[PDB]
Every structure is written in C-alpha cells, then in structure tokens.
Amino acid sequence: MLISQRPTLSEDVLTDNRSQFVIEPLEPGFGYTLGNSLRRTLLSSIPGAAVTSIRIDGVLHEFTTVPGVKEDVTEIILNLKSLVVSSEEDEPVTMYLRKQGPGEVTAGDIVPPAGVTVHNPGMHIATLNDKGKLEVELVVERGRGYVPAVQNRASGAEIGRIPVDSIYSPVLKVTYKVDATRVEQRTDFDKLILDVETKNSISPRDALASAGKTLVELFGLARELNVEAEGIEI
Amino acid sequence: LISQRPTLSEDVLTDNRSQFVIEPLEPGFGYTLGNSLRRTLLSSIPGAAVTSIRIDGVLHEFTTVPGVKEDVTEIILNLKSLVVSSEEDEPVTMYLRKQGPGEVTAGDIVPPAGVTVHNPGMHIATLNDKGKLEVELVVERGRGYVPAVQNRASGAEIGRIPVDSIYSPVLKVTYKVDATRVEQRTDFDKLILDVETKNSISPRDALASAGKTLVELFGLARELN
Amino acid sequence: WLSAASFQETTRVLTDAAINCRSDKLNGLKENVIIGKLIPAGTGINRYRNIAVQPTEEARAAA
Amino acid sequence: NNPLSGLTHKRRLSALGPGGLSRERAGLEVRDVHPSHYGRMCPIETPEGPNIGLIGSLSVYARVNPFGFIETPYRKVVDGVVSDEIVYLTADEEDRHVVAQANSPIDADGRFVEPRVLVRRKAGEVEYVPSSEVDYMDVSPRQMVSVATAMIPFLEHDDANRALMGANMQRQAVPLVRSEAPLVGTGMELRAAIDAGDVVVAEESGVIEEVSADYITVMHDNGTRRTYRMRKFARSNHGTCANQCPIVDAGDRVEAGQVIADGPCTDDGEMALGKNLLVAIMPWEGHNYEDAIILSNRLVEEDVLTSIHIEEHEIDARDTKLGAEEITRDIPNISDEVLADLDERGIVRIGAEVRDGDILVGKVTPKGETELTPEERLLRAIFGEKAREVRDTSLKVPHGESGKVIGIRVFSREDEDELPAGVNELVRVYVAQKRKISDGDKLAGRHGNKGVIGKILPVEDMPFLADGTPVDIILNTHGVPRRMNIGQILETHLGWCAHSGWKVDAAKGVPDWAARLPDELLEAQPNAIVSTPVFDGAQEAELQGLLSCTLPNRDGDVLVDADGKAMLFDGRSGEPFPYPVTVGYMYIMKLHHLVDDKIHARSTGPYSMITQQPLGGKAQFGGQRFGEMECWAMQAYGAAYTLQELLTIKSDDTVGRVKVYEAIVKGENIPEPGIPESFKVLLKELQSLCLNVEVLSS
Amino acid sequence: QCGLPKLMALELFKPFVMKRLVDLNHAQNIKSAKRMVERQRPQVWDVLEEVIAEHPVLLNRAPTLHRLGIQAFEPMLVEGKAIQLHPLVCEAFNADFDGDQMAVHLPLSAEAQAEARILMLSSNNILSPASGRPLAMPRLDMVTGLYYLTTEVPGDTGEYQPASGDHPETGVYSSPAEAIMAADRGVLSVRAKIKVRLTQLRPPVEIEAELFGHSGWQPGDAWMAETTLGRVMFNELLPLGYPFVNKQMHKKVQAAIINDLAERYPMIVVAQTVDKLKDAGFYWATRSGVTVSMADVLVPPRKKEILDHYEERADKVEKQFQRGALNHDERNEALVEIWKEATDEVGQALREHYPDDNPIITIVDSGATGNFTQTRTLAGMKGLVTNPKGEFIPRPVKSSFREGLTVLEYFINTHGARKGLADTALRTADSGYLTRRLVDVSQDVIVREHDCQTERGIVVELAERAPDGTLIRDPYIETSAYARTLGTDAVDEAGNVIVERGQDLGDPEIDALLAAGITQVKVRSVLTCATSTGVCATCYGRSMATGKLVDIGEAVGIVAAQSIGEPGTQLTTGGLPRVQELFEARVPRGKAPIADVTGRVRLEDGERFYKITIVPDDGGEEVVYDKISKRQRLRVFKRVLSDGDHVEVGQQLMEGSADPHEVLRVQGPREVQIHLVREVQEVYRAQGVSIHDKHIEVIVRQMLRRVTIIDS
Amino acid sequence: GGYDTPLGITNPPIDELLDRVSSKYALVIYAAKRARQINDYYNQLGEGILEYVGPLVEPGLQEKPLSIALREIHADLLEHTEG
Amino acid sequence: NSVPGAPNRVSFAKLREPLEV
Ligand SMILES: [Mg+2]
Ligand SMILES: [Zn+2]
C-alpha cells in the first residue's frame, strides 16, 4: 500500500563525531518499532577493534601502582580502554609502547603494526618522572558489541596478563525518542529522533547505513519465505 | 564471538499456530527483534472484512427482523466473527437468503467467486415458521481496524448499515528467547516466535508480509549510503 | 460603604451610609472591581499604566 | 440507568420533604449512624454529596411494622441452643434483649463452642457474654447491609467510605450491549434481577410454543396459552436503552418464576452491570497517573464497552393569534439536500441518519411581516425573493450530537388524541447513538476505585503475558494502599482463579485450608462463576490455596505464580519487565459520566433580561461562572486588564460586546471597555429604595 | 502546555478562525464562514492550528483556593473531548483525575494576552506563594520512580570489589556510555555501587576542593565518582553546573534540590529541569515493580502473644472494677490506655518484621503516599474506633482488614467513617467563609513604595543558646526568619559587622549569623511599616513566590488571605474553630487570667474556685482574681507553679488560652502581635502546614489599626 | 545561557526580558502597548502611514503582534518612560 | 437455589441461613 507520504531522514551534526537523525513520518506506532531495533542494532552489530588484555613490566601482584609513573594502574587501564583502534586482521595483534626518563606518555608514542591504526595519538595516558621507564604490552582484536573481561587462559605463561573489558562497538552512546508531530490533519503519525555518539574512527552516517544494511539483510532473510507478499511501500 | 549467519526455520503445530525459529542472534537482540515482528504482525497485515450490510425488512440497526429470534444488533455482533479471504480489491457483495424453521449459520451464505468464507459452521441467527432472512454483505480489503464509515460519507441509501471493519488475519503473536550466555563469549540468542492466525492466511505468509513491510522502512534507512 | 454593603449586613450598612450621607472615593480594589474600572494593583497603578514606548533611533534607521 | 438503580430508588429512606428536617436544618447528630440502625437501614449505602446521611436504604431483611416502625428478623436461643423460630423485632424490644452474632461457631446442635460470645447489649454497646445468657441471634450475615452494597465482593476487606463510594457507583453504571455476568460476585444478583422487575418471568409453568425477537408464547398445562410481549430499544428516563432479549429455546419447558427473557443489565437472569477485564496493577508511563485508567484498543474494537443512548426531541404545533403553525416540509429559504431526509409529512424519515444543525421537524409558524429593512427589499428586488410571509421555528437537533432515528410518534386532535388546550399537533422524535468507549469517560470497579480514561492504547503496545495475551486494562498501584480497598485485589486474585479453573489434589486427603472449604468447590472448570457472600466470604487462606493449583490454560504453562503475580513483556521496548506484577480479572463498569455529556464551549450566545449576563447550563448556550474566588485570584496575580475584560466586555457592557465582536472580526485591537449594565441596574435599584445615590465627576 | 479539545477550541476561537479563514479565501463572506464552522468542514481544522499558534488560554478549577488555582497555558488541539493537563500542575490545582472537570477562559486583547503569557504562565509559577516550597515537585509516581532509580543496593549485580593476588578490582567503568553498555547486558545492575569516571558533572564541593584545587572546572576535566549508575543518570538530568549529589533521593531531598535550583538558577532552566525530572520519574516508575497482592501484606508472628498479654491485662482491670474499687470512667480510661499500648506494640512488631524492600514500605518510606498508621490498619490491627459521641469504645477491633472483619467490627468502623465524612463537608464551607472574611478585611494593604525608611522593627530569637553553651537551631526559622530584611546591623561583641542592614537574610546570612554566634536579630516587618497607605516593599520583604524582593504594586493582602485560607480543609479548642476565634478576637472558652503587675503570687484553694492575688514589689496595690473554675489546671513557667513564686507583669497564671484584649491592654501592642502570630502559627503547624509569618503579620496589622477614644 | 532552545510561547526567555525592564507589570504594559502599535500599523498600512512604525525585527510567517513585540524587547529595540 | 432457572453459582459460604431474602 501507499504510506501517503515519503518517510525521510534528516541528519544534523552536533560535534565532529555526533549526530541527530530524524525519521519522519511513520505509520502510527512504528516509531518504537523502528527506534528500539535501531538502537540495539547500532549498539551491538557494528564490527570494530578493541583492547582485550594488558601486560606491563614492573607489576606482578602489586595491583596498586607501578614504579616511575605517578598515577596508578586503574587509571592507566582506563586510559588504555578509552583508546580507539581500528584493525583489519582478525587475529589478536600485539602492540608495544616504551619510554624512558621523565615525560608525558601519550598514544602517539605507540608503534602500531601494519594493518592497524590508532585514531587519536594525541591522548594523554601517563606521566613518568625520576628516571621513569614504562613499557606496556597491548592486545588488540576485532569483534562486535561490548564484552566483559574474559579470564585469561595463559595465567601461568603470562602472569602479568590482565584482561580488560572490550568496547568493540565504534558507536559509543545511542539514545532515541518518539514524538507525535502533525497528528490532526495527518491522522496521527509520529516522528523518531536518534542521538548518536561514536568514536572518531567512524562517522554516525555510515554507522547508520551499516545498521540499516544489517537490519535489511536480517529481515530479508526472514521475508524470503513467500516472495509474493503484500506490505506497504514508501 | 559468533560470526555465522542468522537463519530461519518453521515448525507447524496446528493448521493456524506455527513456530518460527531464528538463530543465531546477537546477545540481547532476540527480545527486540521478536517485539518488532510482533508489533508489525499484530497491526499492519492487510486482510479483508465486511464493512456494510443490508437487510430488506429493516432500516437501521436498532430494529428487529420479524420472525427471527435474533435481533439486528446481535446479528451484527454475531456476524462480526466472520473470517474471509478476498482476492479482488474492489467492494464485493455476497448474499444470504433463508426461509422456514431453522438456524442460519455462515455456511448458508453464497459468496461470489474469488472470495472465501472460512467458518461455515459459525452461528448467525435462528428463525421460525414466520422467519425469513435476506441480507447482503459488502466486503472490502484493507488493514488494521477502521470504524464505521458514515452513511452520508458515501452515496448510501437509507437501508445501508455501516459496520466496523477489522482487517487483521493475525490472532495472537508471542515469542521467547533462549540465551546461552557462556563464559567463552560464544553467546547468542535463539528467538522462538509463535504466531496464530484466524484460519485466513498461513502464519508463514503473515510473517512474509510483515517482513516485506519492515524491509521497506529499513531499506529507506540503509540507502543513505 | 459600597465595599461594606457588598461584604455583609447590607441593609444595616446601607441604612447607616444613607443616614450619614457617606461618600465613597471609589479608590478601593473591591469597588473598582464592582464598578468596572481598573483595580489599583499590579498593572492598574499609574506608574505601570502610563509608561510610553517608542522605537530606538538606531533600530528605526535600520528599518 | 439499570435495574439496580430502579430497585435502589425504591426501598430508599429519605429524610427531607414536608414534615421533616431539611438540608438547611440538618444536624451532625442526625447525620450520624445510630446503633439502632443495625438491620434497619444500611450505614454504607448513602449519597455522598451535601445530603450525606439524610438518605439511606432499607436493610435487605428489613420490614415495616403496622405502625411505621422498621423491624428486622432474628432467631432466638433457648438453653444456649439456637431454635429455628424467627421473630421480627423492633428497636424498642431489642434493648430489652441481648442479640448474638450471625457468624458464630455453631455446633450443628445449637451450642456455641466458646462460652463468651461477642454481642450487642441494651445501650448499643458490644461486649462478651456467657453463651447461656444470650436470648437472640442474627438471622444471617449481610443483615446490616443494603441491596446494592450486598453486591460488593470482599466487602469486609474494604474501608467504609470506599465501600460507600462503590455502592453509590453501582447504581450509575450504564447498560452495555452485552452485560456479561461477573466472574466473581455474591448470591444477591439473582434475587436483585428477579425483584427489580426488569426480567420477564414465567408466571405459569408450561412448555414454550414459539419464540421470536419480540414475543414469547408459552403453552400452559391447563389448556390456556400466554404471550409475553418483549420491549425493545425503549428509552428510559435517563436516555439509556432498555432492550430485552429472550434466553429460551423453542421446545424447553419452564417453571413458574423462571426467567424467560433477560433485560438491560442482566445475563441469564442475574444482574450484570459491567464486564470482566484482564487487569494489571502496575504504573505505566504516567498515563495512569493519579487515578487515571489505561485500556487496550480491543475494548473499542470488540464493542466490549459500548452503549446505546436514545434521545427524544419534542415540538408542538399550536394555535396562535395570527392563525396556526403547521408542520410541513415546505419551509422558506432552505436548501434541498437538507430536505432529502424529510418526507412529505414534514418529519425526518425513520432510519435517516442525522447530525448537528439538521432539521428533524419542519414546523413553520405564521408571523406575517415585520419591519422590512431596506436591504431585504433590495434583495427580493435584485434576485426575485418572494413574500416568504411565514417564519421557520423548525425543530433542529441540539448542538453536539448525531446518530440514527429510531421512530416517531405523532399526536393530533383530528385523530381524537387528547392534547393540551391550544396545541393541535405534537411530534416526538427519537434519536440513537451507539456511543463507543473513549477517553474522558468514567470507569469504576465495585470497590470505589473510579477513574477517567487517560489514554486508549493500541493493542500491540500493551503489556502481554508470556502466552501473548495482552492485558485489557491498567490501573495505578499507588491508589490501593492509600485508600484501604485491598478487597479489589482479593477480587482480582479470585477472578483470575475463576477464569483459569482449578483442581485441589486430594491425593492424601484434602489440605488443611480446604478442610472447611465446601465440597463441589474443590474442582472448577475454566471460566467458572463463583459467589462470595459479603461476610461469609472466601478466606485468604482458601484464596491462596486456590491460587496454588490453577490448572494451565492451553499448553503446560502457569502464567500466574503462587503469590498471584505474573511476568509481563513490555509491548513498546520488548524487554521483559524486571519484576512480576499482579494480573487478574476484575469487574469494570462504565458509569454515566460520559465526556460527550460534559463538554461545553461558548463564544457568544443568549443573555438574561434583567441583567445582561450570559446564561448558564448546557440547556441554554452556557457561559462559565467567574466567581468571587476567581476575582480574588486575578487580583492576587496583580493582573488588572484581564479582570476588566472578564467583567466588562464579556458579560455586561452591551456596546462593548458588539464593538469587541466587530473589532475582532475586522482585525483591529480591542476597544476600551465601558460601564457594566449590572452596575446601572444596581444604581436604579438603590434609587428605587428612596436612596439619593449619584456619581460625582469632580 | 495544555491539550485542548479541537471541537471546543473551534467553538471558543470562532471569530478568530472565521476571520482567518475568510482571509485564506476558503469562504467568501462571514455567512459562508459561519456555515462551514457549523458543519465543521475539513478546511477549518488546518487553519485552526494556525490561529491557535501561541495564543494563551487560562484554565481554572473550582474551588480556587489560592492564586495558583488559575493558570495560563499554550494550547494544542487534540482528538477527543477532554482537556489534557501536565501532571505537575495537579498539586497546584488540587486536581485528581477521579472525574473532576475544569473550566477554561480565553483572553482577548493585547493587555490580557500579555498578562496571561507573562504573569500566569505555569512555567512562571513553580514556588508556592504561601511558603515558598516548590509546587511543581515530582508527585507520587515520579518520586517512586526516582527513589527506585537512586537507591543503592548492597551486594547487587555488578558491584565494585577491590581484589589482589588473583585478579584486580574488576568493577570500575571508564565512562557512562560503557556503564549503560554493561547495563544492557546482565553484568551490571542500575542500582549497583561502582566507581565510574565522570567528565561533565561537577563534583561535590568537598572532592572538588580537595582534588581540583581552586579551579574546579569539571566539564573539561574528569574524576572518579564512587556512586551508582542511577545517580549518574539523575545528575545528568540536572543542569550541567549543578554539583553531583550522590545520595538516595527522598521527597524531602528532591524538595531541597529543586528549591536550591530555583534559588540560584533562572526560571526557564528550573522549569526545564523539573520537566526532565518528571519524564525520567515516569519512565522509571514502571520498572520499580511496585505492585500489591495478598503476599505483599504481611502479619507479625508475635501478634497473638501481644493480643493475649493485653487481653489478660483487660481481664484483670475488668475484675478489679467488678470488685467495685473503681468506677466506669476509670475502667474506660484503663481499657483505652492498655489498648493504646497494644496498638503501639503491634505496630512496632510489624515495623521490625517488615522488609525494607517491599512495595508498601517502599511507597511509605519514599515520601510519596500514606503512612505507617495506614499500613498498620491494613496489615496488623485497626485499633481504637470512635464513639459517635467522639469517645473511644472499650472493645476495639482486634483484627485488621487483611483478615477480614466481623459484621459488628465493620459497624463501629462505619460509625467513625461517617462522622469524619460529615465533618469534612462542614469544614469546607467553614474554611470558605473564613477566607472570604479574611480577603475582605485584608484587601486594603498593597505594596506602594520601595522603602518607607523606618528604623523600628521586630526582634526574632534565631536559634537561642543552650545551658551547656552552643547554638541549637530554632525549629521554626523558615517561617519566621527567612525572606525578611534586616532592620539593624548585626554585630558580635561590638566587633565586625556580619550582615549589613537592608539585606535579604537568606541561608548564607543566617549561617553567618550562627557562625558569629548572635541570636537575637532585629528585622523589618509590615507591623511597623510607616507608609500611610499600604506598606513599602522592604518592610514586607522578599516575596515568597518569586524568590526576589516584592514588586511595587503587588496586592499582598489578598495573597496573605488566600495563603491562610487555603489549608483550612486540613485542620482537625484546637482547630479551625480555634483559628477562627483567634482571627475574630473573641473571649476564648478556656479564659486564663493574666497577671497585671510584676509581683509575688499568693494562692488560696477556695471551694471549687481558687483565689490568686498578685502583690506588686513596690507601693502599688494588691490585685486579686477570684471567679475561676477548679477544672482548669495550673500553668507552668520558668518548672512548676508554686505559691509565693514571684511572677512577672504578664505571666499567664493559669494554663489554657489567654484573652487577646487583656494581653493587649496589659502588655502593649507588640506583645499581642507576638501572641496572635505565635498562636495561629502553632495551630497551623500542629497539623503539618507551613505558612510564612508575614501573612499573619499583615492580617494582625490590619486588625490593630484603630484606636478607642476615651475623652471627647 | 545554560538552558536549551525554548519552545513556543516562552521563546524569549522570561528572565532575559526581566533584566531589561523594572518589573513584571512594566514588562506586561511594555508588550501590550507595542502590540497595540504594531496591530494599528498592520491594519492601517494601506492608508497614510502615521507615527506607528511596523515591526523592527522580521516578523515570522504568521506571527502574533505580541510575540513580535516581545522579540523586539529582547533585541533591545525600544525604550520606555515610566509613569 | 430455590429459583427454577438459576445458573449454578458455587459459593464460599460456610453457614446455612434459616430464612430466604
Ligand atoms: Mg477529584
Ligand atoms: Zn516600610
């Protein structure tokens, strides 16, 4: 059937990587149907790379701090978690970062192997002083969604290996809200509003395109049961 | 950490009830997928229904046909439970004529070709020796629930009786999920979706229509490129 | 006396006012209400009712 | 509105009128509940407004002595053994006796198990007494209660004032199109429906010869046959349908006193004022905030809550000084489409649907001619307008309703019909509306839990059990504990149990709770009907045990767990609700407070004569009352100009009214208000009382 | 905003819409326009929205108890016949959705429209004019939802626990985005105590000072917050500059934070913040799982032991009476006292048994509805029920509603319920009459100038000292001290001036005064204003509704009258008759004589009538008081009443209620002002209603305006 | 400036209007008089233009004179003399 | 039931009343 008007998307950027999308207008009651599925798909379908485990020399069981750098280990694990990476190869890549003497440890001092990138080298990580010598080993792998830290099987081999939670999803925070603009003359349709914040690795537009693609493929896998079907058309 | 493709299967329980299995899915995706499919199945699956009727001996809903134990309003209410399938979109008329002592059901109505009445045993009214029932039903396609279109809205005569229309072959849709949630992160959701329709369309085809519906909106979403 | 008569004991108040030839200044809020002029409160005060507004000359030139 | 309302208007005790105290005279001691009321006049059923306590209802067992004194039955106990002898006792002799309690632990022989029993003594006091000293006992529970209140399940679990509200709303429920019998009730509905006179009863036993939608003929044993005519779609005094429907077959025999045809609010011969709705008692998105109610859209679709509202309109053709008004379809300066529904007689055809502003009766009156303005002469000159000597005071449907036309009655003197002197033709027109349930309409339970409809929700966006059945109605949970009507929740649990059926497993005897539970109740089929007498009701332990064994619905699934709750799926986001919420079946009734009868708006209408104030009420065109309290609030805001406009150019200043209407239509700013006409009326009034009052300008 | 029925809106705006639609040429003349209005043709609905666009319309509910009972709104057209309200203004309107109807008026001219959209906009009236406490507060559902979201559950899923030797703390989150990502899975519960890193919300003052030093700019920087995720969401709801709260939010806590917002933030932002709070409260009330059943209401096991103990006590007292040693009044008093003790013990047992997680206790504790007495009558036992004479029946209802009631048990309860239901109906009319008289007497006083430049005023105690030596806070300071103007400078031991004259005297000012240690403070009121007509702005002080100094045309008399008269339906001589007699200045029933001169007392216990003489400590004559009843007790002072105790000039020698005329004539006008204000304020506060002293001050000043001529 | 974009009737924030005028009543009469002048100009535009000048700010598509006037007040385009 | 056409209505009443309404 005909929806009597073309539902459309209107996107406005707010920051460099943050957007608001407006889908308008849908059939009555379809705002929630689209919005919740879109939110979940955005959060848990976009593939991306993330840090999984960290190993740093100088700590074996003293889980309080590490010598030289004044800030402690939980701070450093948080800075490392909030580090955006993009990996092309599925196998777990291992990165290293070392500095000597007093200084400011950023992400730019890291050396990424071929096929992997770090999308914000100018991020503060640590502060060394007093002949400080920091060496950090990193494990980066690609997945999807958000996954809690997984207990390391190589505890005996790598005692200093501490697993961390993985933010695989390039999109950080997506929220949505429905509204009922233009009800009376237009027999009570509704509009859907999305606010999407992602990492600087990818934009919100292409993330939305990928999410729409994934939902199209899923629901087409569902639909490819009776090819002749009657629905509604744009 | 599953990258294998999602897939679908069907399991028929009755002629109407059926159980569609979707697996594997992202953790937490099963509930929202089932909810979206349910909200579409229960709301926007086109069907056909009677919209207006007419009895020769009456002029409005609040009268009584002489001879039949039933009332006109309660005849309308009983006829509300008719299940039909149409193939031609335009308004189509079907006739029901009975006379003499007996009980008139939905099997006594002669439909024209290209439409089907699916519960011929359902009761409509009960007549006597003086009973005589002659009714004409006008049946249209559509979707969702549409209240009675006013008599003056169309070029309708005095005797036409507009009736509420409910084009919805879907009777009852629900779902459940089975989540593995294992330690090695090979966790997926198996979505079980059971659909029951009112004997008019296979739940397989109702799902096909719902999926074709959703595909249009999400294709509009994706084409942003 | 208008206020008092509208308040209570209207016959007594009217009789006393008529005997004493009392005069109402019509300056009270209740009597202003009852006769239908602006009450002497809020936007009914002179300093708020007689403000004059005119465009500023830069805006008028920019028009 | 219903047989309950009729039966409660009868058997009612007022305290006003000539020879008695009035509302201006009522004392609090009069309004109080005297201890002598027990079994004479109900202490719960009474109007709630200013006349609280001056109107009550006879107790269900009450009787009137030959001298006008209310007396009530009671059994007598001799030797501490209760006889079967029943004596009627007036409040005079009750003080000279010690009457025991209805629900006392009788021993199937006459003796009570405990020596000290709780009774009422002479001075209305309640105390404990050795069993061998009492001399009277209550005939039954519910002796102290009215007929309407006795239809409230779990009454003892409800607070007094909330039960009062429930009993007062029992008699305002409109008659729906189906009137399904409640799943849980009391035994009083059968007798109430029988004695209300709204249900046809077989006065002589016999077979049923033939049945139609209007008449039922019965073949009696002794050769004679009887015909009961059945009234259909007759408008009651309050504009509600009074349809009657047969419930019998063409060959079945009936006994004397059996129900033959059910009435407006009855099912199978027992009173049914509402519908059983599947209810959840969780708060939802704030649409059920502060006693609001949410419903599924299937209640609109399936006509679960819908009503027929029949309205009558009257117009009379009467003689006058200039001749006689005539009802005729010829009516001057009218179009043709609006005349299509008018027959040659001049009255709308039966069955022709009508809407606001249309003509029902074309009645034209002899006026002759008046001051013909120059413009009328110019118009009849320019186009050719004729004399049109007559005026059209035709019957038009009042503003704000529509619907079909049922029937017409026409009275005239030429047909011998007796009419008021001066009137030669009378016409009444009956219009029906099949009013569906909508927001703003008032719903209520039987426990005083009323509320308007905040929002009608699509069937997809409702909490649904794991089976997939959506809930029908949602009520807020903050309204129960504050008002102490837990009895409605007890009713919810018992309603779910009665809807699902049950079977107590008597594998090794009956469980402890079911030891005193009656037989034939250990096992109930799905959709059973149960009766809970008001005070000899279903105990909490019995209800809990019933909820334990609640045999599954279609497949093996116990949706409702041991404690009466269930797990719901949110129909909007899909995720399961974090905690189980209680669900059940509750009896919900639609009260006669429909928003269609309570919506008013006015821009400009009639005005009174002595003072030019607008009229008041929906009968006239209305106009809201801006009172002294509203004036105080306006002064408190310091807002003066809007007060001036609310008093002058909206109510009294006539030139101001006309000028403001002209200014608003033309598009210029509102003019300065003048002097209200009511003040000038007061000035002339005071002047006519020999008071030299004047206005001084300097 | 307010949702308006489209049909009724069309009828209301009829000339406007007809003119606009003839402008749009949909009709040629107004006759055609009127016809299409009557037939409601589709070309009118679309133009109706255009005409309705931001045209203020003011709603009202009868009775209009206070100024906020009628408020302006911007309307929208809705399908249906019911007016849709914002749930927040329901407290201001005293409007439930049980069936109550509402009226609507439309301002026509430019002046009326401007007044509606400025003075009476709902978003412009949050605080109550009577007491200043916010009236747009989250009510029942919203407080339930926010309490549920904010409470911290120990030992919940996803908590934070430090660890070493095998694994790290494994409970710390980098960002709220990661926190909600985890909350989507089952790993983290919303009410789980965790440590997160916050980058936007401003830290509380203590951690801010101890961590960021002087410059505490939070939105740029980051810090570790030891809190729960729900509190993070709530602080995110609040404006950006507001410090992090990190505390479970009871109704009082919400009142404090909203009052602080209105104090030091713009009106638009407080309105938007309150709207966001309502939205989240409604979203999270549904998830709190607040529900009821038989299993929810619980009964204490010790109930039968308690009832047996008190039944044995009743039996022993009954036998002691049956011996004739005591009369019926003594028996009834003993029975009532033992049954009060029984109710106390059973209520304590239920309190100590009930879990703190149950829905009923949650609702009662969160400050939304009800109270523990309501819960005790529900589950437990109802207890004593009133005589139709108001007395107490010796045998009370032993069971409660959960177990059901006996036929006679319901009867006694009906006695009490009908008594109350009639008395409230009488009370409403009585309160209406009272406020009607008050507005008429007090309508004269309106603010006329900025300053009358007087120097006399009123002494306020402001948290009197203690014998040990400390400043214990005065219980009633918001009523008496807040929102006033200093009449004289505040000094400590002739040292530094703490707060200067003509100051608003808010929270910082009172805190500075208490820090300096001074208590008695001279403040400026309407009692001493020297303005010939009305009062000056400074003497009246800060207007309680807007949080700023009163305006120069405000009719404060009507505001005071409405403020006093509005809670009149809540009162339950010691009630509404008491306040009525105080305002009407009649001889009190319990007339207690007062001394006339500072001197020594002498009491003789006469036959059923005492004899009290005051001997002045100087050459004055001795005054006597003879005709007094023996029923009344003796007033305490200093301690106790003692013969030969030297008493002051105006000491109340007998307990009861003194006469306003006598106290005036024997201690001047200031003392009678103190007495009247304190008496009315205590009568109101004994029920739980807070009303600022300035309203009663205005009405008392209007009382004392006249003078009686003694010589020609 | 910590608020978001105001919606509808409160489009010019009330406080940002309050700091431009002495009191709420003064602001009310401000806006009322300006709306009177603007409506007079609109009605009389076809004839000889009197002293009343039209809206100094650009009026919206279909905007009320009161809304236009309040926008004018917020933009600091008029001056007032107290009475 | 004492009414010929009464539908069955199972009851929780424990005691038997002596006289009918
Ligand atoms: Mg109400
Ligand atoms: Zn002063």
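Parameters and conventions
Residues numbered from 1 in each chain as written, not as in the entry; some residues may be left out. Chains lettered and ligands numbered in written order. Part of a larger assembly, values for the part shown. Heavy atoms only, no water. Residues with missing side-chain atoms left out of burial classes, pairs and counts. Helix = DSSP H or I, 4+ residues; strand = E, 2+ residues; numbered from the N terminus. Contact = heavy atoms within 4.5 Å. Patch = residues over 30% accessible without salt bridge, like charges linked within 9 Å, V, L, I, M, F, W, Y side chains within 5 Å. Areas by Shrake-Rupley, 256 points an atom, 1.4 Å probe, with all protein chains shown as cover. Salt bridge = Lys/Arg side-chain N within 4 Å of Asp/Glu carboxyl O. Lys, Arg positive; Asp, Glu negative; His and termini not counted. Charge placed at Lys NZ, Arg CZ, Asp CG, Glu CD. Buried < 20%, exposed > 50% of the residue type's maximum accessible area, 1.4 Å probe, protein only. Donors = N, O, S within 2.8 Å, 3.2 Å for Na, K, Ca; no water. Buried area = accessible area lost by both parts, 1.4 Å probe. Axes fitted to C-alpha atoms, helices over the stretch in contact; angles between N-to-C directions. Parallel < 35°, antiparallel > 145°, perpendicular 65-115°, else oblique. Left-handed = near helix turned anticlockwise from the far one by under 90°. Nonpolar A, V, L, I, M, F, W, Y, C, P; charged D, E, K, R; others polar.

Listed as the method for this PDB entry is cryo-EM; the listed resolution is 3.2 Å.

Visitor: Would you mind going over the overall build of chain D with me for this structure?
Guide: Across its full length, chain D holds 14 helices and 39 strands. Counting only C-alpha atoms, chain D reaches 105 × 75 × 70 Å along its principal axes. For chain D, restricting intrachain contacts to residue pairs at least 6 apart in sequence, the fraction spanning at least 24 positions comes to 66%.

Visitor: I would appreciate a short explanation of a negative patch on the surface in the present structure.
Guide: Residue and element names in this part refer to chain D. Residues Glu-414, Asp-415, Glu-416 and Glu-418 make up a contiguous surface patch of negative charge. With respect to the helices and strands, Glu-416 occurs in the loop between β28 (404-412) and β29 (423-436). The exposure class assigned to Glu-416 is exposed, which follows from its relative accessible area of 67%.

Visitor: How do you make sense of the coordination of the magnesium ion (ligand 1) when you look at a structure like this?
Guide: A four-donor tetrahedral metal ideally has 109.5 degree angles, and a six-donor octahedral metal ideally has angles of 90 or 180 degrees. Around the magnesium ion (ligand 1), the protein contributes the donor atoms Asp100(E) (OD) and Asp100(E) (OD), at 2.1 to 2.3 Å from the metal centre. Relative to the helices and strands, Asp100(E) is located in the loop between α5 (90-93) and β5 (103-105).

Visitor: What am I meant to see in the interface of chain C and chain D here?
Guide: Reports often express the size of an interface as the amount of accessible area lost when the parts come together. Contact residues are listed per partner, giving 17 residues for chain C and 17 residues for chain D. Buried area between chain C and chain D, summed over both chains or domains, comes out near 1,300 Å², and the portion from carbon and sulfur atoms is 72%. Among the residues chain C hides against chain D, the three largest losses belong to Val33(C), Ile35(C) and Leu38(C). Together they make up 32% of the total. The tally of links from chain C across to chain D stands at one salt bridge.

Visitor: I keep staring at the packing of helix α1 (residues 30-45) of chain A against helix α1 (residues 29-41) of chain B and nothing clicks. Help me out?
Guide: A pair of packed helices can be characterised by two numbers: the angle between their axes and the separation between those axes. Closest axis-to-axis distance for the α1(A)/α1(B) pair is 10 Å, and the angle between their directions is 155 degrees. One way to sum up the angle between α1(A) and α1(B) is to call them roughly antiparallel. Remark: the crossing between α1(A) and α1(B) carries left-handed chirality. Of the residues in α1(B), those touching α1(A) at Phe30(A), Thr33(A), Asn36(A), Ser37(A), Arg40(A), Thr41(A) and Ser45(A) are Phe29(B), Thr32(B), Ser36(B), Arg39(B) and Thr40(B). By residue class, the composition of the contact of α1(A) with α1(B) is two nonpolar, eight polar and two charged.

Visitor: How should I be thinking about a nonpolar patch on the surface in this particular structure?
Guide: Residue and element names in this part refer to chain D. Among the surface-exposed residues, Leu-378, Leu-379, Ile-382 and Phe-383 lie close enough to one another that they form a single nonpolar patch of about 520 Å² accessible area. Position of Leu-379 relative to the elements: it lies in helix α7 (residues 374-382). The partly exposed category is assigned to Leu-379, whose relative accessible area is 42%.

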